K.L.:
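Before we start, here is the structure in question, set down as structure tokens.
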Amino acid sequence: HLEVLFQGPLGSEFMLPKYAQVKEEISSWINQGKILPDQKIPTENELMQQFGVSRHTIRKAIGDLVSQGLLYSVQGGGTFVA
Amino acid sequence: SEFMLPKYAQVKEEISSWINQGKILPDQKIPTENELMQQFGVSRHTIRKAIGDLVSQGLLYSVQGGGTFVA
DNA sequence: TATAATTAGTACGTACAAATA
DNA sequence: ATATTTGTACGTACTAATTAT
């Protein structure tokens, strides 16, 4: 189902960018143990759909989390909790 | 094939080489994204991929509207 | 003092390749 | 061998922060 990236500002103790909201959410899944090490997160398509954002935005978020070391990716395979 | 690298990775290598050879020193600005785009003949996205990786790696840092610098 | 220009940031999109399932 | 999925590369349009006029 659907997750809200809540609609954005230009002046109110600023909201995170959408990619950063996605980062926080996915990170939350890991931290709350909704996803375990070496378990697969949803596909980029699924994430696009459920967060209501572009593939670009999803890849920005996931790329950041991979560089932080709590996700890893395999081309054609998936993205998994580290 | 054995020698092939994606464009963003070749850009990464070159900028890194600038840093490593001390051609660009800490807190000195690297060229703009436009300048890199022109110098390498690639898209702005590819440049940002390169630089983003190098920042994430700690080699560079960026200031929006300011520039990107040797860390 | 205040604008315009420059420059990096965010975010939507397409197209195709490469690796996996 | 097909379909799925992540990777590479590019396009386009703005915004936000800094810099120069």
Side-chain angles (χ1 to χ4, degrees), chain A residues 2-27 29-30 35 37-82, chain B residues 2-16 18-19 24 26-71:
Chain A
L2 162 156
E3 284 89 47
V4 283
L5 305 186
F6 57 104
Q7 315 331 136
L10 169 154
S12 158
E13 198 277 321
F14 324 104
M15 270 181 221
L16 293 168
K18 288 173 191 297
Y19 77 84
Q21 291 179 53
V22 174
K23 281 174 66 176
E24 282 190 348
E25 189 76 284
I26 295 175
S27 295
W29 299 344
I30 296 173
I35 330 187
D38 298 319
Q39 290 184 344
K40 176 197 143 296
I41 69 171
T43 71
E44 285 176 2
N45 270 230
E46 284 165 347
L47 292 171
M48 296 170 57
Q49 291 180 334
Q50 296 162 15
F51 280 116
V53 306
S54 70
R55 181 161 183 232
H56 172 99
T57 289
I58 295 303
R59 284 192 63 78
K60 171 58 161 148
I62 287 177
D64 281 8
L65 294 178
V66 167
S67 99
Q68 289 174 32
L70 40 75
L71 298 177
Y72 63 88
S73 296
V74 183
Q75 210 179 305
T79 299
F80 310 84
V81 172
Chain B
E2 329 87 57
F3 313 111
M4 186 43 177
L5 280 185
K7 290 175 177 172
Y8 72 86
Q10 301 183 47
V11 171
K12 279 175 66 183
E13 282 186 320
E14 258 308 289
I15 298 170
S16 284
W18 298 342
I19 307 320
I24 316 189
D27 294 324
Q28 290 180 335
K29 213 197 58 178
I30 70 176
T32 70
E33 293 177 348
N34 281 2
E35 284 168 351
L36 294 170
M37 285 163 66
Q38 149 191 311
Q39 285 167 2
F40 289 96
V42 299
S43 65
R44 194 178 163 209
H45 279 293
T46 289
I47 293 306
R48 290 189 57 76
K49 166 66 166 161
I51 288 173
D53 279 6
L54 290 181
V55 165
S56 186
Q57 183 183 313
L59 204 60
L60 306 174
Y61 66 92
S62 298
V63 184
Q64 173 167 174
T68 304
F69 308 85
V70 183

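In what follows, chains are A, B, ... by sequence order, proteins preceding strands, each numbered from 1.
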K.L.:
Kindly check the sign of the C1'-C2'-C3'-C4' torsion at D:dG7 and name the resulting pucker, north or south.
P.N.:
south
K.L.:
Tell me: CG of A:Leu16 to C1' of D:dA16, nearest whole Å?
P.N.:
15 Å
K.L.:
With sequence neighbours left out, which residue pairs that include part of residues 31-47 of chain B fulfil the side chain to side chain donor-acceptor pair (under 3.5 Å) condition?
P.N.:
B:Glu33-B:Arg44, B:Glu33-B:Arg48, B:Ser43-B:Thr46
K.L.:
In terms of ring plane angle, is the pair B:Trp18 and B:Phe40 parallel, tilted or perpendicular, where the classes change at 30° and 60°?
P.N.:
tilted
K.L.:
Give me the atom names and distance for the closest heavy-atom approach of B:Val11 to B:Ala50.
P.N.:
CG1-CB, 3.6 Å
K.L.:
Tell me whether the sugar of C:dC12 sits north or south, going by the sign of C1'-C2'-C3'-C4' (positive is north, negative is south).
P.N.:
north
K.L.:
Show me the pairs that pass side chain to side chain donor-acceptor pair (under 3.5 Å) and involve residues 73-82 of chain A, at least two apart or across chains.
P.N.:
A:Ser73-A:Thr79
K.L.:
Should A:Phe80 and A:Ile35 count as side-chain neighbours, where that means a heavy-atom distance under 4.5 Å?
P.N.:
no
K.L.:
Need two values: the first and the last nucleotide of DNA chain C, 5' to 3', having an atom under 4.0 Å from any heavy-atom of chain B.
P.N.:
C:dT7 to C:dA11
K.L.:
When you match B:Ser62 and A:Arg55 each to their closest nucleotide on DNA chain C, which lands nearer the 5' end?
P.N.:
B:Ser62
K.L.:
Both A:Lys18 and A:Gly78 contact DNA chain C. Which one's nearest nucleotide lies toward the 5' end?
P.N.:
A:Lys18
K.L.:
Using the closest heavy atom to pick a nucleotide of DNA chain D for each, name whichever of A:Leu10 or B:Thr46 lands nearer the 5' end.
P.N.:
B:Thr46
K.L.:
Rounded to whole Å, how long is the line connecting atom CD1 of A:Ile62 with atom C1' of D:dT6?
P.N.:
9 Å
K.L.:
Taking side chain as C-beta onward, heavy atoms only, is B:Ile19 less than 4.5 Å from B:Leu60?
P.N.:
yes
K.L.:
Less than 3.5 Å apart, which donor and acceptor atoms pair up between the side chains of residues 7-16 of chain A and the rest of the protein, not counting sequence neighbours?
P.N.:
none

K.L.:
Please figure out whether A:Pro9 or A:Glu44 has its closest DNA chain D nucleotide nearer the 5' end.
P.N.:
A:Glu44
K.L.:
What are the two closest heavy atoms between B:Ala71 and B:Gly58, and how far apart are they?
P.N.:
CB-O, 3.2 Å
K.L.:
Which residue pairs pass the side chain to side chain donor-acceptor pair (under 3.5 Å) test when at least one of the two sits in residues 17-26 of chain A, sequence neighbours left out?
P.N.:
A:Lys23-A:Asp64
K.L.:
Please list, for nucleotides 19-21 of chain D, all pairs of protein and nucleotide N/O atoms separated by less than 3.5 Å.
P.N.:
none

K.L.:
From NE2 of B:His45 over to P of D:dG7, roughly how many Å is that when rounded to an integer?
P.N.:
16 Å
K.L.:
Tell me the interatomic distance from A:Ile58, atom CD1, to D:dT6, atom P, rounded to whole angstroms.
P.N.:
11 Å
